[PDB]
Amino acid sequence: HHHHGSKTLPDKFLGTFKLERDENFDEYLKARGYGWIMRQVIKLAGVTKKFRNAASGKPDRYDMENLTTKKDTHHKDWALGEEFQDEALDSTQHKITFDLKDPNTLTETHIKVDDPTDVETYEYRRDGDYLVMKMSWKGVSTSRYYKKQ
Ligand SMILES: CCCCCC/C=C\CCCCCCCCCC(=O)O
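Residues numbered from 1 in each chain as written, not as in the entry; some residues may be left out. Heavy atoms only, no water.

A.B. asks: Could you clarify how one ought to interpret the site of the ligand in this entry?
C.D. replies: Every residue near the ligand is listed here: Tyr34, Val41, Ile42, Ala45, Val47, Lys49, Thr68, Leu89, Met133, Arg144 and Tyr146. The side chain of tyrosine 146 places a nitrogen or oxygen atom 2.7 Å from an oxygen atom of the ligand. For the ligand, the protein covers 79% of the area, taking 530 Å² as the surface of the free molecule. Only α2 (36–43), β2 (47–53) and β10 (140–148) provide two or more residues apiece to the shell around the ligand. The class makeup of the residues in the shell around the ligand is 8 nonpolar, 1 polar and 2 charged. (Near = heavy atom within 4 Å. Polar contact = N/O pair within 3.5 Å; in protein donor to acceptor, adjacent residues only side chain to side chain. Areas by Shrake-Rupley, 256 points an atom, 1.4 Å probe, with all protein chains shown as cover. Helix = DSSP H or I, 4+ residues; strand = E, 2+ residues; numbered from the N terminus. Nonpolar A, V, L, I, M, F, W, Y, C, P; charged D, E, K, R; others polar.)

Laid out in structure tokens, this is it:
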């Protein structure tokens, strides 16, 4: 049962979401330290995000995939507020935690294993048929729009 201590992911966040457009992603990637070549390939790559109830059938456990033009990530059987270690899109190991700030806000925090000082949180919000991913680095903000499929 899902009403005994673990958080439930609102249905709002379940499904397939395809990257359609973004705002200020280039200056954000620049603040993060990416040179021109890397920024072009990062910002113009196709992204499909998938969030589902865990295929294993464990209640309040989830699966999420980041499917891109090149690298894909597959995070299986995670729980909200529970940290796990896995390979991220940069092909390195990260400590990841998905959590709920409130029923309308999903967070995703990454800590680099080889750089524990590198800590970053991504925020997801639903806005109509869109999942909006928000990020901020050194005062530079960006929003990426994923159309629910
Ligand atoms: C997240 C940073 C990735 C750095 C390494 C990228 C390597 C090869 C090019 C792949 C470009 C497509 C992925 C762009 C990142 C999408 C981020 C997201 O939607 O979570």
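We are not done yet, so read on.
A.B. asks: For this particular structure, what's the right way to read the pattern of salt bridges?
C.D. replies: Working definition: two side chains of opposite charge can pair if their charged atoms are close together. What the rule picks out here adds up to 12 salt bridges. The salt bridge partner of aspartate 99 is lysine 7, with a shortest N-O separation of 3.1 Å. Here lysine 7 lies in the segment before β1 (15–23) and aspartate 99 lies in strand β6 (residues 93–102), a separation of 92 residues in the sequence. On the basis of relative accessible area, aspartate 99 is assigned to the partly exposed category, the value being 23%. Note that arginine 61 is salt-bridged to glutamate 82, the shortest N-O span being 2.8 Å. Here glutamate 82 lies in the loop between β4 (72–78) and β5 (84–87) and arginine 61 lies in the loop between β2 and β3 (62–68), a separation of 21 residues in the sequence. The class of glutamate 82 is partly exposed, set by a relative accessible area of 36%. Here the salt bridges do not stand alone but share partners, grouping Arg32, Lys112, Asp118 and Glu120 into one network. (Salt bridge = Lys/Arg side-chain N within 4 Å of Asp/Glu carboxyl O. Buried < 20%, exposed > 50% of the residue type's maximum accessible area, 1.4 Å probe, protein only.)

A.B. asks: Help me out: how do you make sense of the environment of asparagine 104 in this one?
C.D. replies: You can see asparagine 104 is positioned in the loop between β6 and β7 (105–112). For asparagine 104, a relative accessible area of 37% puts it in the partly exposed group. Along the primary structure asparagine 104 and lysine 7 are separated by 97 residues, whereas in three dimensions their C-alpha atoms are 13 Å apart. If sequence neighbours within four positions are ignored, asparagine 104 has contacts with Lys12, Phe13, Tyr124, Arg125 and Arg126. (Contact = heavy atoms within 4.5 Å.)

A.B. asks: Looking at this structure, how should I read the packing of aromatic side chains?
C.D. replies: Each aromatic ring pair is specified by the distance between its two centres and by the angle formed by the two planes. All told, the structure shown has 6 aromatic pairs when counted by the stated rule. Ring plane angle 20 degrees and centroid distance 4.1 Å describe the contact between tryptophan 78 and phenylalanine 98, whose orientation is recorded as stacked. Here the residue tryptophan 78 occupies a position in strand β4, and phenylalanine 98 occupies one in strand β6, the gap between them amounting to 20 residues. Aromatic pair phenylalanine 84 and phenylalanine 98: ring centres 6.2 Å apart, planes at 15 degrees, arrangement stacked. Linking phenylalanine 84 in strand β5 with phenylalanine 98 in strand β6, this pair joins segments that are 14 residues apart in sequence. As far as the burial class goes, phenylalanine 84 and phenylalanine 98 line up, both buried. Against the face of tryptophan 137 rests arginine 32, its NZ or CZ located 3.7 Å from the ring centre. (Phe/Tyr/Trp six-rings, centres within 6.5 Å; stacked < 30°, edge-to-face > 60°. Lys NZ or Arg CZ within 6 Å of the ring centre and 35° of its normal.)

A.B. asks: Before we go on, may I ask you to explain the sheet that holds β3 in this structure?
C.D. replies: The pairing of strands in a sheet happens through backbone hydrogen bonds and is either parallel or antiparallel. Here we have 10 strands laid out as an open sheet, ordered β4-β3-β2-β1-β10-β9-β8-β7-β6-β5, and antiparallel in their pairing. The open sheet has two edge strands, β4 and β5, and neither has a second partner. The mean inter-strand angle of the sheet, taken between neighbouring strand axes irrespective of direction, is 25 degrees. As defined by bridge partners, strand β9 (residues 130–137) adjoins β10 across 8 bridges and the pair is classed as antiparallel. If you follow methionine 133 over to β10, its bridge partner there is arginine 144. (Pairing = 2+ DSSP bridges. Axes fitted to C-alpha atoms, helices over the stretch in contact; angles between N-to-C directions.)

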